[PDB]
K.L.:
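What follows is a structure written as structure tokens; I'll ask about it next.
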Amino acid sequence: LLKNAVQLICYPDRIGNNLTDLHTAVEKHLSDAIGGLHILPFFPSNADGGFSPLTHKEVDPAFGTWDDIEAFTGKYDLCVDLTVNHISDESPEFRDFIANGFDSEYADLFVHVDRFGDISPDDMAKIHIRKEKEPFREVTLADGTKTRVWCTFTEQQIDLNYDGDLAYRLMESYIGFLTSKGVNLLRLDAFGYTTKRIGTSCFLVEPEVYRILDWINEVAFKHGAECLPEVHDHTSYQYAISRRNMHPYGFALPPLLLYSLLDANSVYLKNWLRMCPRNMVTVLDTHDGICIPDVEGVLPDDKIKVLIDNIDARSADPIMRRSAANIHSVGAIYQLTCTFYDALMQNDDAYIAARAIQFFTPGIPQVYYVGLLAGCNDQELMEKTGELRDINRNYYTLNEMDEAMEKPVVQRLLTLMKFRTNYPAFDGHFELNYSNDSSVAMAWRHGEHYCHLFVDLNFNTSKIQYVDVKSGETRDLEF
Amino acid sequence: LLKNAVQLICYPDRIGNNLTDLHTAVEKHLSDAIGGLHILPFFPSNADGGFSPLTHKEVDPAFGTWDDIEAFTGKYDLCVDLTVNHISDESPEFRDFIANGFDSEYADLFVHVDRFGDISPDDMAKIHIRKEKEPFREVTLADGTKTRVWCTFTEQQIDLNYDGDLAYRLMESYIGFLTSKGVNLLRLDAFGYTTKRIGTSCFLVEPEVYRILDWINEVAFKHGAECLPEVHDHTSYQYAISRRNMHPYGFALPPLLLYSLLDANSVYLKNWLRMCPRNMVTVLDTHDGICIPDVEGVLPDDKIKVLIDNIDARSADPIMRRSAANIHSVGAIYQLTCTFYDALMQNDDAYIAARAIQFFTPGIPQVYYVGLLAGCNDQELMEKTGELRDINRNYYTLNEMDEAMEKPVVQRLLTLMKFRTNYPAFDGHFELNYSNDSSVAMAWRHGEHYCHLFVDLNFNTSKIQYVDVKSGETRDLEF
Amino acid sequence: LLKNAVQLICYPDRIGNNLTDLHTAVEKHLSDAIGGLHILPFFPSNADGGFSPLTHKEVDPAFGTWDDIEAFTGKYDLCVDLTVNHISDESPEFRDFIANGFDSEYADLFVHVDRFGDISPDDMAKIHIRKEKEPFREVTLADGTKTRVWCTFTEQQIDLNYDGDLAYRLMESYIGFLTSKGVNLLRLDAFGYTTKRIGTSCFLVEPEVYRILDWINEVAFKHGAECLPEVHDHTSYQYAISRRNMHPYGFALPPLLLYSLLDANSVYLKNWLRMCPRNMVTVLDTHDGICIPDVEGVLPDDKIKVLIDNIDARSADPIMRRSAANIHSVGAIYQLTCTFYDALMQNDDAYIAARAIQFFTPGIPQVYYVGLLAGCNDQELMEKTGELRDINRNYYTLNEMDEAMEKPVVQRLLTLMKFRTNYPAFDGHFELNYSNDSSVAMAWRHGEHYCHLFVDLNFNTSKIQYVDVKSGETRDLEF
Ligand SMILES: OC[C@H]1O[C@H](O)[C@H](O)[C@@H](O)[C@@H]1O
Ligand SMILES: OC[C@H]1O[C@H](O)[C@H](O)[C@@H](O)[C@@H]1O
Ligand SMILES: OC[C@H]1O[C@H](O)[C@H](O)[C@@H](O)[C@@H]1O
């Protein structure tokens, strides 16, 4: 069972140089403000910012050791990535397949493209892939033979075969290892791609996807962990996840709030809050950029268009959906690339009000480390590395974090975070209040404990009242 | 706990002449096809087709007696209306208020408009009322005094005061009486208007509305009934109801299905099924006509406009929202007035596929008696009475129902109903299957029982495969 | 080679009672105004107004004999339908299949659906058929066996198998017989359906459709006939036909002209005229109603919507494309149902200007008999028969035709027809003239012969000047 407290999303090495510096900054600044951490992939990896792991059972020496990861458990919940879709081509299992071909004992762990026969143009066209190449990578075996394996992402990421047994055995092995290190929340990355079936989109193929998901959830349960399955697609999948006793993502909230604040409109936000899925992990910013498919239906299309044009006229290029020529179309944008503080135009009041609304939304709130420090678009890093998403992946030295922690806007955010992590009304029931169409009123009640948020979207004001239980007096949070 | 079986929606006197003839038709035709019945208001009433009851403790003698109603219980579940918002001005309670004024012991039962003081123009414009008159009725007391009471609907309907204690006692008295006659599901009419507060819309004012609803729900539970609170507004209210251990309505489905079949599009339909409110009572047609606010957000606005223009170009006038000049707007239409069979253009395959999708949707399916008999738009009835909704409130003699029962499409619908009412797979868990964007695939599993629906929206084909328990083998259902 | 003169489109029995009365009216009124005739199907038929022929080798006695048909040849070109897609289920060939099953010597003549195996939902959905049923009919053999044959249209129309040899042998027999009765122009009905291949749309499947089409063209030529292949789809198919020495239809013209006259716009008309296909047969009205797919690209979508809404707002219901819910969409309308005189609002000047533009368009112009007589929408017939297309299939007695011929608008149309049929400039080359955006100027030159049409679309004026070569002087045509 997880703590109902704010979580930090952070890299192993973007705050100081490593996991030790990370722990130093966390105890120095956040020890009363968070109850958990999502540490992004810290295993050996050769692509995609950690998500091409050679194994889930080892720490990259550049980051530290397993003792450095266990330095967090015992005081904080620990959320760690489980890359269910693929592993690195430098993993022992895949190098063995390169070395021994189909005589390898790990041969059935990978998807062999030629075992599907001819795939028709129609069936190629259905496949849900955001890259403009076929998801097939041709490799050279040790004996000079060439064979093709399924490859959704970059070529160093070779997809796992959930028609075989080896994939499930591999994942069960990772989970047992991760939970024995104190991981109690498993983020299931890109789970929607685990179902390959020609004739389908090969993405979230149901009911097959929920059987994979129930199996992982059951394995996690017997090992003391819960699951955070990650999908960027229609909101409905978030309810499917929730209804199967797993934690979905509140991916709808960031673009919904951005629109709500920017246009002084509370209509869609309140409708979403009244129906939002149970047991969410909520985010405003992530390590990825603001995802558009997650808010379809939650926000009318014309209002998503407003948000898209508003952001893209002011920040870096979005990430496009595949073969989508219409840059003003909802259906064409996958993610806007913009820090959340810059999406709100560095407006301190708007940003704190966004965080308050996040924190009064049902579910466990995650704060991304860049948003924690009110970071701006990192143009210089993006130009240094060539990775668009680095515009939202700032590095900070420990001194730079000390300095950022002194900003008025960050001190207001710390006060909120402490309140959300500690005040007991959040452990009770959510109760939305009536407001006009340009403001939001949100409350939590648990016995005598009670707190109330009012946000005016016109003027970006945030007011929290709460009951100090020893007396009956209502107090103001001062944030 | 209700039977997980098909229910019939019917008037007390539109199948034959009374409740005795209703029971005759039900035992002759439907005793293997339904497990429950929603008999529309049959009390003494002076407005709006039963929904202005003088009391809930009497049967209008024109319909029969309480024994005619208890003849249905014991074999059938019984869903009955509770008009929580208002009672008749000819009720014993309101006639005492006319006779004795504010010395009446029932003074707190009604809302006294002048006790609000002056209502600003702004605050009048907020009020959620679909009629273009102020919701205030001036009545003359016996002593010649004039005083005004709140009046949402027709003038013979006087709203109840949930700021007083009398309103809760009145409802609790009705519930006790209704449950002692075998009512085990209470449809809570127009409950959203029970919260009056100036400065608000006076409709679904939260959290007050859910306190009213939790209270009635508990009274019903300890008297052996569950609740079906009815709201025609945004889908989110259906989920709010659902998480409070009450049955919401599937009002989203009818216009969603109509669009899905007419435009051969399953995208929005499948997204809705994946996220559906829990424990809902599903409908296609009702006694009121296809309501549009209920599918907002569920379907994009341009597709709702498509549905609106398609039906309005060939059917009777819609019911508008209050001061809405744009007849081509979602925001301007309240209900389409059209029988469901005419909405699907009297296409037997399409109508049967729609019913099959309804029956495989999670929740209790209700079949409206006009839709049961595949009835068409009743132009003559609407012309005789002047009531638009009578275009969907056909009368049948007992002879005419016998005749309609023999239609091939009605016999096909009977087979569906028998299957949905009896086959045990629906008592297990729902399982959506992958399909393309012009067809739907839906399944139910409960142990060894299993049934699978495939509907192709292009050609309106319906196919159900299921496991024959007697043999074990998979069979095709002949409907 | 055909005469470059006006042709009449007519039924066998809609002018008087039969083919004898047809010849009477033609020799009485039209002997200097037309040089050819398209007589719509006059064979034994049991569906679709003649288009389900039991055989092409005999005349239905209700219409007359072959001598009544040969009474027209020798003075007029003779255009007759060849229903290449299907023959009647009461044909000797299909009745032999019912009696003898797959032992029938004609078994290979029809398409047997079960020889395709399972057809996926995707491959069913690709199929181009304008009806909301699967195009499969289950028939009972004489021995009680049930088997299914392909069926695009009504069930009495059984499609022919162009994967077999019998279909070509049958068609070659039909062409040989028709040409021996004097048919020198063969209308090839619905040829686009002759290619059935699962995985494709089963409509205009290239390159095979042109191979079927080259073959018919070659058989027709060696029997003394040319071909008029009939397809309603994108105009590009009209050019594909034209490049294969066949006559395409000018289906683009009717909706293009209507828009041009109704909105006083010549832009799209002139662009089409400058690039229009080469050997076409031009029409304004046909026996079917104004077909929309033929004008896509030729007219912008927004201007097609204008035409659709303008006509549908004041005449009978359109014929829809399959499962198309948006009644204001181009993609949803197949044909408007309105006589061409009513589509122009019975405006005599506008109508005569339309015919002059038709006649000055390159190609052989056909005049439909209802348009000949300036006929209005025949609602009484449509209500009597229940067929929508009958609003455009008026019956006239010989006397009613005598009266219609005396109407001033028809007398002007006669002068045009005589002029277009006889003046030699039409045997030369077309030359478009510069005009503003609300008028059209068209000329024909052949040596010393020259004629020029000016139409003002604002005021519906039409002027023709022509050279009397015997005298040299320019004269005005008084029509
Ligand atoms: O390749 C896997 C992808 O999905 C993961 O869940 C991460 O969120 C993303 O950063 C990564 O690119
Ligand atoms: O006036 C009350 C209204 O709400 C009721 O619940 C019924 O659905 C409707 O027929 C009635 O008119
Ligand atoms: O079924 C054949 C169809 O195409 C034919 O060519 C005719 O033009 C049309 O009237 C008929 O309905």
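Counting starts at 1 for both ligands and their atoms, following the listed order. Basis for what follows: all heavy atoms, side chains included, without hydrogens, waters or symmetry-related copies. Residue numbers begin at 1 in each chain, while the letters A, B, ... track the order of the sequences.
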K.L.:
Going by the order shown, which atoms of ligand 3 are within less than 4.0 Å of some heavy atom of C:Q157?
P.N.:
1 (O)

K.L.:
Taking A:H56 for the side chain and A:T83 for the main chain, is one N or O donor matched with an acceptor at less than 3.5 Å?
P.N.:
yes

K.L.:
Does C:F203 have its ring centroid less than 6.0 Å away from the ring centroid of C:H232?
P.N.:
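Ring centroids of C:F203 and C:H232 are no less than 6.0 Å from each other.
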
K.L.:
Atom 10 (O) of ligand 1: which protein heavy atom is closest, and how many Å away?
P.N.:
A:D288 OD1, 3.0 Å

K.L.:
Between B:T282, B:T286, B:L284, B:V281, which is the residue that forms a side chain to side chain contact (heavy atoms under 4.5 Å, CB included) with B:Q366?
P.N.:
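With B:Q366 as partner, B:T282, B:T286, B:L284, B:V281 yield a single side chain to side chain contact (heavy atoms under 4.5 Å, CB included), made by B:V281.
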
K.L.:
Run the numbers for me: atoms of ligand 3, each under 4.0 Å from some heavy atom of C:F153, listed by number.
P.N.:
1 (O)

K.L.:
Where is the nearest protein heavy atom to atom 7 (C) of ligand 1: which residue, which atom, and how far?
P.N.:
A:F51 CE2, 3.4 Å

K.L.:
Would you check if the side chain of A:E155 reaches a backbone N or O of A:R137 as a donor-acceptor pair within less than 3.5 Å?
P.N.:
no

K.L.:
Taking atom 3 (C) of ligand 2 as the point of reference, which of B:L40, B:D48, B:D189, B:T154 owns the nearest heavy atom?
P.N.:
B:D48

K.L.:
With atoms numbered from 1 as shown, which atoms in ligand 2 lie under 4.0 angstrom from a non-hydrogen atom of B:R389?
P.N.:
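So the answer, numbered in order with elements, is 9 (C), 10 (O), 12 (O).
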
K.L.:
Centroid-to-centroid, A:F153 to A:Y193, below 6.0 Å?
P.N.:
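Yes, ring centres under 6.0 Å apart.
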
K.L.:
Check each of C:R187, C:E230, C:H86 against atom 8 (O) of ligand 3 and report the one with the nearest heavy atom.
P.N.:
C:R187

K.L.:
Show me which atoms of ligand 3 lie under 4.0 Å from any heavy atom of C:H287.
P.N.:
7 (C), 8 (O), 9 (C), 10 (O)

K.L.:
Closer than 3.5 angstrom, by distance alone: can the side chain of C:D159 be matched with the main-chain N or O of C:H86 as a donor-acceptor pair?
P.N.:
no

